[PDB]
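Here is the structure we will look at, set down as structure tokens.
Nothing in this text is a laboratory measurement; each read-out follows from the coordinates by a stated rule. We place every Cβ from the backbone using ideal geometry, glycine too, and count neighbours over all the protein chains shown.
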Ligand code: 402
Ligand code: SF4
Ligand code: SF4
Ligand code: SF4
Ligand code: SF4
Ligand code: FES
Ligand SMILES: [Mg+2]
């Protein structure tokens with residue numbers, strides 16, 4: 001093929017789109033609705049417009065290159081077309097970036113500035129009530145910002161295959177939303193928030209818990225515990241221009257103390273708790289062989305998927321609570337026993353890469369004696385805004401350390417945030433439990449990586465067993481519908497709703513579509529977690545000394561008695 005772009009001749013054999021070929025050759029072409037190898041098929045944004053000699057204006061994102069093409073990307077005809085489309089977008093857009101939560105990383109704003117477009121008439125609603133949906137515990141919609149780009153719809157379809165996010169004909173006007181414009185919570189939605197990640201503007205956002213946290217911090221009698229997820233320490237640095245794959249664990253601990261938190265713990269401690277219970281349960285299910293297979297239950301996105309599509313698998317779920325909820329339960333019981341705090345004055349706050357964790361925290365039965373396991377959940381993004389509002393120089397902060405009582409963790413807990421992390425951590429303890437030994441080779445590299453479905457054979461005391469790792473909600477559908485589950489007898493199965501694991505959660509920092517082409521965000525975020533595992537002295541959950549102390553002095557032996565009564569949760573089918 002011979003291609004002419006802006007006067008420059010190219011010789012190539014590649015078969016691809018005009019957009020992709022120009023990006024690879026350092027030729028600038030703007031785009032808006034093109035994402036995840038998809039554009040808005042029904043109403044294309046046409047921001048990727050180029051001029052092909054002899055044909056006219058075309059969309060570069062979905063037009064293949066042909067030999068003999070002469071292409072102009074910057075002609076006056078092209079720029080006025082693009083500028084016209086942006087101006088029409090401005091006509092339906094509340095353009096007040098001041099108090100906007102995407103102000104410093106909005107894609108639409110960069111386009112408005114680049115082409116210097118203005119609205120035919122500013123869109124200024126008097127009552128945003130009709131435009132805003134805040135009914136969900138996890139997700140919120142602001143349709144005064146929505147560009148109808150369809151990127152959230154496509155992301156939902158690709159990541160989950162549920163299509164819980166749809167286009168809707170509302171009063172004869174097109175919107176996006178849940179089925180029959182119901183609250184997302186009341187549909188087959190998983191609340192994974194992958195739609196939010198895909199959104200170029202502030203139309204989709206997480207349900208804010210920042211007022212819960214601030215009211216608690218200022219309440220004199222409240223003792224506010226904070227604990228962050230594995231993934232947060234490996235990603236929040238992005239929002240402070242520190243780059244990708246930067247471990248900022250110690251900086252976060254310092255920042256949380258300066259925010260006014262009374263106690264600094266860590267969810268990885270809770271991760272070690274979940275392994276103690278789940279590995280014991282797996283070893284138990286082997287003594288009786290069954291019921292097989294055992295599924296993990298630490299991902300609420302997956303739990304909802306099971307409830308909504310495969311309720312017969314609910315009885316196969318591990319009864320152990322998620323690290324978030326199991327940590328919260330201990331924070332209202334064990335922690336007062338070693339602090340003398342009144343349990344009702346304890347207020348437990350987690351930092352999560354996940355929107356679905358808000359729903360899990362607000363489950364009705366996720367409490368005991370009137371005390372919630374978790375009282376508030378804030379996302380990575382929420383923590384970042386909170387730090388900036390306090391004007392805390394995050395990048396310059398010195399490393400501090402979490403409080404030891406529920407802040408220590410092993411390398412097994414550390415890797416929870418990556419896909420296959422839970423599988424590997426559980427095998428390290430369950431294999432030591434059943435064989436009654438302390439094995440030294442603890443790395444399970446087969447269950448790692450970004451493959452959608454991963455499988456391995458393991459030998460646990462005398463015998464062979466089959467494990468599988470499901471990476472992404474759409475892959476769960478494939479595993480089940482294709483009958484892969486019935487090809488052999490599986491004994492232990494890990495399921496994560498977000499592809500890549502929690503490091504790619506719905507509450508994570510946004511990334512510019514082109515930076516995504518430079519950086520593999522899923523592996524770069526996960527590398528930090530495996531790094532910590534490598535350089536940690538303790539790499540098994542049952543070697544966690546602060547955790548062993550807790551079980552010996554308070555809970556007893558994991559998997560039965562006291563431990564089973566309050567550190568476990570069961571899901572019932574209607
Ligand atoms: N609870 C919990 Fe988990 C833990 O530990 C997080 O905190 Fe995850 C992360 N990062 C999230 O959200 S949930 C799914 N299990 C793997 S990691
Ligand atoms: S979505 Fe972007 S362009 Fe619209 S108000 Fe917010 S920052 Fe400004
Ligand atoms: S909610 Fe966001 S991603 Fe979805 S159509 Fe509107 S602007 Fe696009
Ligand atoms: S939260 Fe997840 S399942 Fe629900 S609409 Fe968004 S992407 Fe789809
Ligand atoms: S994979 Fe992690 S971030 Fe995604 S829904 Fe599940 S728990 Fe939340
Ligand atoms: S980016 Fe090509 S039509 Fe939208
Ligand atoms: Mg206070």
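Observations on the structure shown:
- Computed E for residue 368/residue 43 - FRET, C-beta separation, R0 60 angstrom, nearest 0.05: 0.75
- Pairwise centroid distance, computed over Cα atoms, of the range 203-264 with the range 272-323, Å: 29
- Relative contact order for the range 72-231, counting Cα pairs under 8 Å that sit 6 or more residues apart, in percent: 22
- Label-zone membership for the range 393-409, site residue 536, 7 angstrom Cα→C-beta point, backbone N under 13 Å: 407-409
- Scattering profile of the range 23-148 at q = 0.11, 0.13, 0.17, 0.21 Å⁻¹ [log10 I(q)/I(0), Debye over alpha-carbon scatterers]: -0.47, -0.63, -0.98, -1.33
- Legend: calculated FRET efficiency, residue 62 to residue 482, from the Cβ-Cβ distance at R0 = 30 Å, rounded to 0.05, equals 0.55.
- Relative exposure of 129, 249, 16, judged by other C-beta atoms within 10 Å (fewest first): 129, 16, 249
- In this simple spin-label model, placing a label point 7 Å from the Cα along the Cα-to-Cβ direction at both residue 97 and residue 134 gives a separation of 2.5 nm.
- Under the simplified labelling scheme, the residue 459-residue 548 pair shows an inter-label distance of 2.8 nm, with each label point 7 Å from Cα along Cα→Cβ.
- Share antiparallel - DSSP beta bridges, the chain, percent rounded to 5: 60
- Secondary structure note: in the range 434-574, about 60% of the DSSP beta bridges are antiparallel.
- Estimated purely from DSSP H runs of n ≥ 4, each contributing -39500 (n - 2.57), the mean residue ellipticity at 222 nm for the chain is -9000 deg cm²/dmol once divided by its residues.
- When 424, 181 are arranged by Cβ crowding within 10 Å, least crowded first, meaning fewest neighbours, the order is 181, 424.
- Gyration tensor (alpha-carbon) shape descriptor, the range 124-207, a/c threshold 1.5: rounded
- Hypothetical label at residue 219: residues of the range 333-350 whose amide nitrogen lies under 12 Å (7 Å Cα-Cβ projection): 344-349
- Between the Cα long axis of helix 380-389 and the first principal axis of the chain there is an angle of about 80°, rounded to the nearest 10.
- Annotation: the residues 120, 429, sorted from fewest to most other C-beta atoms within 10 Å of their own C-beta, follow the order 120, 429.
- Scaled against the 2.2 N^0.38 Å expected of a compact globular protein of N residues, the Cα radius of gyration of the chain reads 1.02.
- Look at the alpha carbon pairs under 8 Å that are at least 6 residues apart: their mean separation over the length of the range 208-574 gives a relative contact order of 26 percent.
- Label zone at residue 287 (point 7 Å along Cα-to-Cβ), backbone N below 16 Å, the range 523-560: 557-560
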